[PDB]
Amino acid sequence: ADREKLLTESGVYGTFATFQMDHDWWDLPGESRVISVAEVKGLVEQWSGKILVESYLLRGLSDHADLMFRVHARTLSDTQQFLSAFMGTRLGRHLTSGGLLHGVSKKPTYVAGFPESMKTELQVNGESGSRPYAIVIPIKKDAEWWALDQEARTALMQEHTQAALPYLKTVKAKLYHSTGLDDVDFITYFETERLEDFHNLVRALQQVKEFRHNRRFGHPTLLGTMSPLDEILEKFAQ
């Protein structure tokens, strides 16, 4: 059950790591490539004790990116060790590291102050399907947002949540608190089988006032398809 503990509980660090495959990877024979896929596969299993790693095919959906990992760990030391080991494998040595972002999952700041009916809706179980699309949008808030007192922010966030409620059924959302660990305040992560819903979700949110306090939004916006690592890697060994 500890797999779920990393995915839901607070205190857990989440890292998003992007990679792009070099040209000269394909100058390697398909034999050696398949051997290299085995190494990576094996390294991940070795770390299955200390961290949970999920993989996404970004190739053909996000610019300048083929692969993303989402890594859950209780210390970033562990995530560092893993990612460094990964980048050291034969396969990793032909990758170019793109972006890298960290944030901790936390007990919610505002939700207690929302009405009880809104709390009930937030508990009712949302999207949960196999091989969803996944989106990742990093966000930095403006100075104005921190200047507001708690009551003001709580009210703006209630408005946010209200706009989003109709999309709970078809879009799963997870929030990571990132300030100080890199150049952004939050990493937002989403899963959905229907991208048009996620698009409508973001359009709904562009109406709420809070959404203009986002000094940075995307850059990049990462789009991909969530899949087992073997499947993604096996595609590269052809």
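Numbers for residues come from their place in the sequence shown, where the first is 1.
Given the B-factors recorded for C-alpha atoms, which segment has the greater mean, 29 to 37 or 202 to 210? Per the deposited B-factors, the answer is 29 to 37.
63 to 71 versus 47 to 55 - which carries the larger mean C-alpha B factor in the record: Looking at the recorded C-alpha B-factors, 47 to 55 comes out higher on average.
Looking at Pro138, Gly103, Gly98, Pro115, which has the highest Cα B-factor in the entry? When the deposited C-alpha B-factors of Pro138, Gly103, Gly98, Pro115 are compared, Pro115 is largest.
At the C-alpha atoms, which of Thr79, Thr154, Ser130, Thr161 reaches the highest B-factor in this entry? Checking the PDB record, the top C-alpha B-factor among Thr79, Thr154, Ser130, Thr161 is at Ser130.
Which third of the chain does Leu229 land in by C-alpha B-factor: lowest, middle or highest? It falls in the top third of the chain.
With respect to C-alpha B-factor, does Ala143 fall in the lowest, middle or highest third of the chain as deposited? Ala143: CA B-factor falls in the lowest third of its chain.
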